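Per the authors' numbering, residue 119 is the first one in the sequence shown, and the count goes up by one each step. Report on one structure; see the data block that follows.
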Amino acid sequence: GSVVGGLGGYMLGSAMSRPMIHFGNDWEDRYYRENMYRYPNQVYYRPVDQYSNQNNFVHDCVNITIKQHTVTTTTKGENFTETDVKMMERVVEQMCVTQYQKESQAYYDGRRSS
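Shown next, in the form of structure tokens:
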């Protein structure tokens, strides 16, 4: 259990089932579904109380995930190239689309820590 791996007021987003996303190119589709589990199961994001955008959430959500899991893993052996990042972007983006909704929804409804 961590402080987000030490980010500036972000949160981590607990591991979730990777979504199926399609890419039009059959090789991207096949490469994605072959390799979905190389990518992180989690995403990273900012508390919506400050801003609650979709665009600024997902635009940072991706880059932040594609940085953290490219920092705390390239520190070991990782280095996801452009092709791999394209898949990872989508995987963490489509997972991000939920994460924003949860943060917001929670603050709109369950805003109490229960």
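Cβ atoms here follow ideal geometry from the backbone N, Cα and C, with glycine treated the same way.
C-alpha gap between residue i and residue j, whole angstroms
i: residue 212; j: residue 221; result: 15 Å
i: residue 206; j: residue 128; result: 19 Å
i: residue 151; j: residue 137; result: 10 Å
i: residue 168; j: residue 179; result: 15 Å
i: residue 174; j: residue 164; result: 10 Å
i: residue 197; j: residue 125; result: 20 Å
i: residue 123; j: residue 186; result: 8 Å
i: residue 153; j: residue 210; result: 14 Å
i: residue 120; j: residue 133; result: 14 Å
i: residue 146; j: residue 204; result: 9 Å
i: residue 149; j: residue 171; result: 31 Å
i: residue 201; j: residue 157; result: 12 Å
Simplified DSSP assignment, three categories, for residue i
i: residue 163; result: strand
Residue i burial status per 10 Å Cβ neighbour count (16 or more: buried)
i: residue 229; result: exposed
i: residue 166; result: buried
i: residue 208; result: buried
Near the ligand FAD: residue i beta-carbon under 6 Å from a heavy atom
i: residue 179; result: Here there are no bound small molecules, and the ligand FAD is not part of this structure.
Checklist entry - What runs of the alpha helix (DSSP H), each 4 residues or longer, lie entirely inside the region 186-232? => result 200-226
Item to check | Meets three-Cβ-pair contact criterion under 8 Å: the region 140-151 and the region 186-195 | outcome: no
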